[PDB]
Amino acid sequence: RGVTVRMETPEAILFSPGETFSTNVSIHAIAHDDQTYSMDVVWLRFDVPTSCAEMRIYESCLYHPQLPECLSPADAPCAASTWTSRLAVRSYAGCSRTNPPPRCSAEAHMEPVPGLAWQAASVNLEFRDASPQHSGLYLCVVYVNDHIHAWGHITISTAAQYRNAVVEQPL
Amino acid sequence: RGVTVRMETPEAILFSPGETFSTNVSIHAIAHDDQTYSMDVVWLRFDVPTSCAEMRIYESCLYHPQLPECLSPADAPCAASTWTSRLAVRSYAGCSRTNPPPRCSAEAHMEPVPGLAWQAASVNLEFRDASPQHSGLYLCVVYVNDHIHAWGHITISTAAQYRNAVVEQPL
Amino acid sequence: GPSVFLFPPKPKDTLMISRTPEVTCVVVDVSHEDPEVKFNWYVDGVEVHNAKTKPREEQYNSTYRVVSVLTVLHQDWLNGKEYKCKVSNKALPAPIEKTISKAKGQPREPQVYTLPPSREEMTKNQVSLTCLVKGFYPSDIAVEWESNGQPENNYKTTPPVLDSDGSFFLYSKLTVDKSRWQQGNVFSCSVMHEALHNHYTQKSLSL
Amino acid sequence: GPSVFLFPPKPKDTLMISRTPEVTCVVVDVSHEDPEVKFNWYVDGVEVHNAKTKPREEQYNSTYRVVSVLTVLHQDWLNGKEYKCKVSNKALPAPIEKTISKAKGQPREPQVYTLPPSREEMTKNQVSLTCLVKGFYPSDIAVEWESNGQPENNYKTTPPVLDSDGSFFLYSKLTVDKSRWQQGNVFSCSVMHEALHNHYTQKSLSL
Ligand SMILES: *[C@@H]1O[C@H](CO[C@H]2O[C@@H](C)[C@@H](O)[C@@H](O)[C@@H]2O)[C@@H](O[C@@H]2O[C@H](CO)[C@@H](O[C@@H]3O[C@H](CO[C@H]4O[C@H](CO)[C@@H](O)[C@H](O)[C@@H]4O[C@@H]4O[C@H](CO)[C@@H](O[C@@H]5O[C@H](CO)[C@H](O)[C@H](O)[C@H]5O)[C@H](O)[C@H]4NC(C)=O)[C@@H](O)[C@H](O[C@H]4O[C@H](CO)[C@@H](O)[C@H](O)[C@@H]4O)[C@@H]3O)[C@H](O)[C@H]2NC(C)=O)[C@H](O)[C@H]1NC(C)=O
Ligand SMILES: *[C@@H]1O[C@H](CO[C@H]2O[C@@H](C)[C@@H](O)[C@@H](O)[C@@H]2O)[C@@H](O[C@@H]2O[C@H](CO)[C@@H](O[C@@H]3O[C@H](CO[C@H]4O[C@H](CO)[C@@H](O)[C@H](O)[C@@H]4O[C@@H]4O[C@H](CO)[C@@H](O[C@@H]5O[C@H](CO)[C@H](O)[C@H](O)[C@H]5O)[C@H](O)[C@H]4NC(C)=O)[C@@H](O)[C@H](O[C@H]4O[C@H](CO)[C@@H](O)[C@H](O)[C@@H]4O)[C@@H]3O)[C@H](O)[C@H]2NC(C)=O)[C@H](O)[C@H]1NC(C)=O
């Protein structure tokens, strides 16, 4: 029953300033029943300080970003565990096995970011004349009925700004 | 070991004077070893007297047309059991599993018959502006190393001249 | 005079909600004397304005190639809406219009059957894994292979062939090292089509 | 001005010694005012004279269609000999020449494997019988089906697809009643190709 979402994407994209490129995330959704559902493909962006040896993604926190330990992450400057602004969101409504994800597209939002844009009818992000300002840790999170069904991370940056991202998970 | 030859063709072709048509015999040869062999596709034509109720083909005689009982068939005027002239012969030499029948074509002969001809690179007979003179019992015999490996008969004629052909065989 | 060619979106872009399908209106043989081209797009007669022009490209054979891209909605395309592109240029007596949309006809779900390699093929160094996809309509489809969640790129797929019942069928052949097959490795045939539940289905094959 | 198209003989005519292969030189757009067309045929440069002209045919679109047919020898074609047709007509500033011959490349024997229907298919009205013909070169081939020496006409064959090793492969699907297959009936895949022993091979399929 319900819906299954599977995401595929490289963990990093290294770019040199001035280049134009886009992410290459693959997302498939399988509706096991005829229940109607909503879907949101959300892109989150995290600052990666120069002084950080690596970024730490608090996986369990993605599901409850409002818990105390998630709002105030111990690895504080180098942790992806909660968010306020969402870089971009593509929403779907009235989705079903018979009215599948592309067809149930409804809304799309994106923060004003120089050189950033949606590659038309796609969940991927496109970077034009990329610059150091675009470097950071990006997460693509897929919600179905307001619950995360899949997620992935991509460190998109220049070589000098790059810091390995590590997923902190439960046992 | 040796060669296997299989022939396929309708037993009769009824034509009306003035029509142009050709036989539609199918012949496949399978060389089971690498021994070299010769092949001859021979067409025989037999007169079918008006007074004959039917034509009789002495099958065993095809293999030994020089035996007394075959040279002087008991059903005399209505029997196909021996021959002198061959209507047409397409010969093959130096044939083998690796140098198969079409490629080993060597010679071709055909008696001068008004309106009769070989349909170019084919074992079939072509009749142009067919006339009653063409009516008769035709046999296509395939020899491999001078021994019959397959044979078939076709009564080619106008409706008025047509006489059923019967194969007289051993028990 | 210029010539126009209107292309449909990729099958995978229309079937995956994580992708963005688009119709492409390509104009060739554009002259240097008059390279300015006007585009008018319509969807079921209603004119739309969200199309973008790709950067102009010199072809080196005395002409330019001007292209306009229109993003479409997965459901709009799948629902059989018609997209018309009108091209106007001073070297053209009258505007040129091309129209394209999904193939019309009731969509039918493809039946997918995986077929193991013939026992006779085991004498060879590599073997053939077959995947028969039949009874589908329209012909817009995507077929791929994988093992252990990893994509297998060593395959060839026949183009869709029209069957006697008005549906399409095809065959996909993945070639793998005989050793891999004889060891029990599981391989899967992934098919994407609009008539499948959630536009996807996967069929496995193993010894 | 007239146009010329040179066609190779049928695969079955080159592979069966009981048939007569021929090259056809077709001239279209022949004008009503000057339909006289001269043909000059060559085989490896050497001019030949046994060609015949097919009867002229009115196309009803203001032009005639003039055709010349040249009979060829099975071995000459299979051996890669080149056939050139030169077409001259008053409306032609200079004679037009087209050349055609067998595809060049070492011939490779096709491997034929019959594949039975999937277990999953055993619940439908009709089952699919597959025949995989791979590793062949050139693409000139003929594939048919039969049962009890009788031809089965209910099949579809994919066009040859170029494999990653420079050879061709294809799939043929015969659709039959589950009953027939269940009963133990014997069905066969007949393949004709120059590289096969005797240009022939049959592969049986049953339980
Ligand atoms: C001057 O040069 C021009 C440029 O040519 C260059 O390449 C060579 C030709 C060189 O010799 C040199 O000249 C140049 O460097 C030349 O333009 C060509 O003109 C042709 C005739 O006018 C024209 O032919 C038509 O081709 C159509 C098919 O086009 C596609 O396939 C060809 C070959 O594979 C490819 O080159 C084209 O670019 C097309 O490719 C498709 O493009 C679309 C759109 O971008 C892709 O779809 C989108 O893809 C994106 C990718 O991210 C998204 O996925 C999006 O969702 C999709 O929508 C698609 O994937 C891609 N497919 C392929 C396979 O690559 C035929 O359809 C057409 O035939 C039809 O119509 C005619 C007439 O009605 C009929 O006769 C036919 O029967 C049929 O009905 C026709 O053949 C060439 O396409 C064109 N080449 C280019 C590159 O534009 C020009 O003529 C030259 N002029 C002179 C005077 O010399
Ligand atoms: C005036 O009207 C003419 C006739 O029009 C009418 O006929 C219809 C077919 C339509 O054309 C329709 O409008 C009308 O009702 C018209 O002639 C046409 O002109 C075309 C362009 O000049 C020309 O195009 C070429 O076609 C080649 C393929 O032709 C074959 O296939 C088509 C169908 O698929 C068929 O119609 C043709 O007759 C050809 O068929 C082949 O015929 C040969 C010879 O008979 C067969 O081979 C022999 O068969 C015998 C038994 O019959 C023995 O077995 C022997 O051993 C064999 O050798 C063969 O079996 C058969 N095959 C098939 C599949 O039927 C293309 O190859 C060619 O493409 C090349 O060139 C173009 C450029 O021109 C490139 O773009 C391509 O990439 C490629 O390089 C090209 O498309 C048509 O062939 C021609 N039709 C006919 C019947 O002649 C004429 O143009 C009109 N003119 C005006 C001003 O209006």
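Residue numbers in this text run from 1 along the chain shown.
Going by what the header records, the deposited coordinates were determined by X-ray crystallography, 5.0 Å.
The backbone N, Cα and C atoms fix where each Cβ goes, and this holds for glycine too.
Annotated domain 'Ig-like 2' per Swiss-Prot: C:2-101, in sequence order, evidence recorded as sequence analysis.
The disulfide bond annotation in Swiss-Prot covers C:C25-C:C85 (among others). Secondary structure from DSSP puts C:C85 (disulfide bond) in a beta strand. All protein chains shown were included, and the count of other CB atoms within 10 Å of the CB of C:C85 (disulfide bond) stands at 25.
Annotation comment: Swiss-Prot describes C:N61 as N-linked glycosylation site. DSSP assigns C:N61 (N-linked glycosylation site) to coil in the three-state reduction, placing it in neither a helix nor a strand.
Taken from Swiss-Prot, the feature disulfide bond covers C:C131-C:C189 (among others), and the record attributes it to sequence analysis. In the three-state DSSP classification, C:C189 (disulfide bond) falls within a strand. When Cβ atoms from all protein chains are considered, those within 10 Å of C:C189 (disulfide bond) total 26, not counting its own.
Cα to Cα, C:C189 (disulfide bond) and C:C85 (disulfide bond) are separated by 37 Å.
A distance of 20 Å separates the Cα atom of C:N61 (N-linked glycosylation site) from that of C:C25 (disulfide bond). Over all protein chains present, the Cβ of C:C25 (disulfide bond) has 25 other Cβ atoms lying within 10 Å. Under the three-state DSSP scheme, C:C25 (disulfide bond) falls in the strand class.
Within 10 Å of the C-beta atom of C:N61 (N-linked glycosylation site) sit 8 other C-beta atoms, taking all shown protein chains into account. Per-class residue totals from DSSP over the domain 'Ig-like 2' (C:2-101), listed helix then strand then coil: 10 helix, 46 strand, 44 coil.
C:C25 (disulfide bond) and C:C131 (disulfide bond) are 35 Å apart (CA-CA, integer value). The number of other Cβ atoms within 10 Å of the Cβ belonging to C:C131 (disulfide bond), over all protein chains shown, comes to 25.
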